There are 2 protein chains.
Amino acid sequence: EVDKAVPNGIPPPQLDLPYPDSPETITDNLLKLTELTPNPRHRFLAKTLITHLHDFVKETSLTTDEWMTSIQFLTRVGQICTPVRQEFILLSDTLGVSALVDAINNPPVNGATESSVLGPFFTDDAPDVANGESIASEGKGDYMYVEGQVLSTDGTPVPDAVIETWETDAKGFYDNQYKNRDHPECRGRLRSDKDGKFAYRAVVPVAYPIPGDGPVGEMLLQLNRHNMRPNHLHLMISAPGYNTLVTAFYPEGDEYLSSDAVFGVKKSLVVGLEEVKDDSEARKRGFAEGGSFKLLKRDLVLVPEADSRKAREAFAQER
Amino acid sequence: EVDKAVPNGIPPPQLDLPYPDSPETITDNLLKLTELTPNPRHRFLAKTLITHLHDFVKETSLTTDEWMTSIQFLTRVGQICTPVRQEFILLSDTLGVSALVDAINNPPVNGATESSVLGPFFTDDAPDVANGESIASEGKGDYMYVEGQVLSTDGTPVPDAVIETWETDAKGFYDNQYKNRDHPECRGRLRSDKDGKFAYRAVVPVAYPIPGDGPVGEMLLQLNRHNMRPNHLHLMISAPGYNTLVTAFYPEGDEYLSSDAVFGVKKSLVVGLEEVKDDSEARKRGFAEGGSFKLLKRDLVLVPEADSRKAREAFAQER
Ligand SMILES: CCCCCCCCCCCCCCCCCCCC(=O)O[C@H](COC(=O)CCCCCCCCCCCCCC)COP(=O)(O)OCCN
Ligand SMILES: CCCCCCCCCCCCCCCCCCCC(=O)O[C@H](COC(=O)CCCCCCCCCCCCCC)COP(=O)(O)OCCN
Ligand SMILES: [Fe+3]
Ligand SMILES: [Fe+3]
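What comes next concerns the included structure.

**Notes on the nonpolar core**
Logical step 1: With 64 residues, the main nonpolar core has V57 and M219 of chain A together with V57 and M219 of chain B as its most contacted residues.
Logical step 2: When residues are assigned to domains, this core turns out to be shared by domain 1 (23-62) and domain 2 (94-318) of chain B, each giving three or more.
Logical step 3: If we skip the residues at most four places from it in the chain, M219 of chain A touches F73, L91, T94 and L95 of chain A.

Listed below in structure tokens is the structure:
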């Protein structure tokens, strides 16, 4: 049995739509119809999409089998998605779309910190961590210290900003990739102080794979691409009056830096960690075993919300 | 909990991939990587796809919310697909892609019969119907007679071709849209005779809606488009040595002819049914109530398989 469908009530259009006598007329008629779309933003998106879609098909002479393979692929991508897995985001990520959209929507005007992709490992349950405390238990990897200031593009400190941070442990796992999730690990939620300063202890993150077991994984193998991300520390900074910044810093030295499978890496976000070999200083910062630590010293420069919106709308006129 | 992912074993590429310092470099790097795709057809498809995708994003300055809406839409489309519902095909259909691909892959060489979309109502269980017999029980709608000849493009009759035909009843339902499907209705499987001739009784099909209750239905309403198909009779003709023809004929007089929601209609496939007001002839053809019938007289011209393939690859030279 199959459902009886129901007419949606839209009338036959009063437009000149000649019966297609060649493949081009399909496109022409569809584009004519698209002009009936009443929201002009929707109309623009629809028109531009259709043109690209039809041009793609014409340029490639897509075959029946290739079209059907595409259909089945897109279907399987949707069907593997769950509240804990977003294969369509992963497809957007690996095809560079996520990163391109992210850039366009968060233009780094006036020397702002650049954004980078969020990925799937953010949790809204990270513990509160005071400045100087650790997001990582002892034994989760090599010591790293992170510090800087949250500032406006004009240089003014931003107090009370919320800084969410998360990363892998030394094995390349986020805390929710373990069976025993008794307590959060390698993540924290901080607040910039009254001078906009923040500091915390952490571990040196490591490279890791994105999901290669579903359709996106199959695609990467046909493209002879890897499914790896280089090491990074995630940060998300929010503060009323500013454009929320979702970003990451990528330590130098990782062989995947130039070929991030999701195009998170940006030049300004690759950081050279400083080796601090000063046992006294290490212990004073609260590293329990002292010795030495890698230092990641970086400010987080936020764009006032009105400036971000203005930049985006002004740049969208060019394009 | 989330799965540990696994590296796919592809190495970091030895390519010059500068860390993006502007959004354009995302695209440049992705296109460079794409050259590692080993199958040159895949490489071509991937490259063309990526360029269109990235151009679409740049031209529109797609917003974060629009991107996320798209993601969620595509997800829902996949998730509603089942063995009995293909919402991705419906999306391809309503955006004209299915019809465009179908045309390109079944070029009407030497004025052969043009193809048209299959839709979802084909069944491989249709009963055998002898020439002159009916695919429709009495009381399923207005009488129609269908006849013609199956031929090669050189004019040679094609004997023993298998002709699958199906259609709605006068209420606009296919047989599998009813609770009681004890037996097939308004469908049949014929064989062309030794002179390539076929003939059968049927009913005049009627306009009907495609599924409007899923994501594609929501999209059509935002585009101020209807979800209707004009009246049509489906045919699928197969014969060893020839390109299988999936087509449909669309009776004149239907207000949706110019605006088929899935772009099945083609100029050559619109047919003017002849009103035969001849009680005697109606009875002689086996119409039980006599009176009158509409006549659909159309030949089915098949392309020899080698010719179809040649035409397609020659046309792909242009593009
Ligand atoms: C907007 C204008 C531009 C759009 C125009 C076209 C969109 C629809 C048509 C898709 C065309 C398909 C051809 C692309 C091929 C690329 C990869 C080729 C290699 C390959 O074999 O990949 C298989 C299928 O991948 C695939 O099927 C990849 C499909 C990619 C889908 C298109 C983009 C998805 C959306 C991205 C994010 C959405 C954000 C919203 C803006 C993987 O399968 P396999 O190798 O295991 O087996 C089948 C192999 N013979
Ligand atoms: C070869 C295989 C082929 C497979 C088929 C091709 C696949 C191509 C991709 C199709 C994506 C279309 C998704 C649009 C969903 C819109 C409908 C959602 C439901 C709903 O009621 O949403 C409304 C949106 O309608 C609207 O937005 C109506 C306007 C429709 C515009 C369509 C273009 C939008 C951007 C899509 C980019 C995808 C990249 C290419 C793969 C309100 O929500 P809203 O108003 O906020 O929605 C704006 C963001 N779209
Ligand atoms: Fe990550
Ligand atoms: Fe139909």
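**Notes on the site of ligand 1**
Logical step 1: Close to ligand 1 lie 20 residues, the nearest being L53, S70, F73, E218 and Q222 of chain A.
Logical step 2: Chains contributing residues near ligand 1 are chains A and B.
Logical step 3: For ligand 1, whose unbound accessible area comes to 1100 Å², protein coverage reaches 83%.
Logical step 4: Examining the composition of the shell around ligand 1, we find that 5 residues originate from one element, helix α2 (residues 40-60) of chain B, more than from any other.
Logical step 5: Among the residues making up the shell around ligand 1, the classes are represented as 11 nonpolar, 8 polar and 1 charged.

**Topic: helix α6 (residues 215-222) of chain A**
Spacing of three or four residues puts side chains on the same side of an α-helix, whose turn is 3.6 residues.
Logical step 1: Turning to α6 of chain A, its buried residues number three or more, namely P215, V216, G217, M219 and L220 of chain A.
Logical step 2: Among the residues trailing α6 of chain A, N224 of chain A stands out with phi positive, at a value near 55 degrees.

**Regarding the coordination of the iron ion (ligand 3)**
Residue and element names in this part refer to chain A.
Logical step 1: Every protein donor of the iron ion (ligand 3) is accounted for by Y174 (OH), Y208 (OH), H232 (NE2) and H234 (NE2), and the metal-donor separations fall at 1.9 to 2.2 Å.
Logical step 2: In this structure, the iron ion (ligand 3) is surrounded by 4 donor atoms whose angles at the metal cover 87 to 161 degrees, and the resulting shape is irregular.
Logical step 3: Spacing between the donor residues of the iron ion (ligand 3) along the chain follows Y-x33-Y-x23-H-x1-H. Linking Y208 in strand β5 (residues 208-209) with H232 in the loop between β6 (228-229) and β7 (233-238), this pair joins segments that are 24 residues apart in sequence. In terms of burial, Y208 and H232 fall into one category: buried.

The rules behind these values
- Residues numbered from 1 in each chain as written, not as in the entry; some residues may be left out.
- Chains lettered and ligands numbered in written order.
- Heavy atoms only, no water.
- Core = buried A, V, L, I, M, F, W, Y, C linked by side-chain atoms within 4.5 Å.
- Buried < 20%, exposed > 50% of the residue type's maximum accessible area, 1.4 Å probe, protein only.
- Domains from an automatic or database assignment.
- Contact = heavy atoms within 4.5 Å.
- Near = heavy atom within 4 Å.
- Areas by Shrake-Rupley, 256 points an atom, 1.4 Å probe, with all protein chains shown as cover.
- Helix = DSSP H or I, 4+ residues; strand = E, 2+ residues; numbered from the N terminus.
- Nonpolar A, V, L, I, M, F, W, Y, C, P; charged D, E, K, R; others polar.
- Donors = N, O, S within 2.8 Å, 3.2 Å for Na, K, Ca; no water.
- Tetrahedral: all angles 85-135°; square planar, octahedral: opposite > 155°, others 65-115°.

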